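The chain that follows stands alone, in the form deposited in one PDB entry, written as structure tokens.
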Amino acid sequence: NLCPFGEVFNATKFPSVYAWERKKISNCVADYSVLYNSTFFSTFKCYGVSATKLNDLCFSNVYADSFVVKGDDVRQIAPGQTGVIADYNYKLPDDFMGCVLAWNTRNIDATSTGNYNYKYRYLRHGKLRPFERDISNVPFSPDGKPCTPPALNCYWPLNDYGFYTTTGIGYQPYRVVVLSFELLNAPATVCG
């Protein structure tokens, strides 16, 4: 079997960072060159794996995380980073074993008048642990006090991204796919 990587990287719709989705890959054969040499990606950084030697390996499972972030936020999708994105939306471990691919999608997720459908969490009591997801959506309060706007000192936790087809590249939409390679005792089922 040939792994459903086209189903992931060419998926029609992508979720917001705070609501990042994960798909697990398994019992298949994965040709990584199909993405390793594409001029398609503006970002293709691997950790403790080396993009090239990819194919020449085996793994029990491969997990793929998908989401959309601002251009200037792609940098936060790496181990040891901090910021609204890394701390409250999606974080990578420190001993990360995988690759992070990103590509500009202005003509797809951007709009002339502006697309604000993609959001990110900017308020949260404590940050996330590697690979932790939070889709709570509960009116935030500095003192963890349950409130309801227009109440004072009560703000919604999610803020909107403003994606236009006319802003700088850094304010443009980027689709990201985080490949996480799992090495468990059970023999491999996903090799080249």
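Residues that one form lacks are left out of the comparison. In case it trips you up, residue 1 is the first one in the sequence shown, and so on. We call the rigid core the largest set of C-alpha positions that still match within 1.5 Å between the two forms.
Keep in mind that the form deposited in another entry is missing from the display, and what follows is about it.
- Compared between the shown form and the other one on the core, the listed residues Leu128, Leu123, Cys154, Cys58 keep their C-alpha shifts below 2 Å, save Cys58.
- Core-superposed comparison between the shown form and the other one: the C-alpha position of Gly48 differs by no less than 2 Å.
- Relative to the superposed core, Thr166 shifts its CA atom by less than 2 Å between the shown form and the other one.
- Relative to the superposed rigid core, the position of the CA of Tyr32 differs between the shown form and the other one by 2 Å or more.
- Relative to the shown form, the Cα atoms of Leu54 and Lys13 move apart by 3 Å or more in the other form.
- Distance between the C-alpha atoms of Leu57 and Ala102: shorter in the other form than here (change of 3 Å or more).
- In this core-based overlay, residues 29-39, 48-61 form runs of three or more whose Cα positions differ by 2 Å or more between the shown form and the other one.
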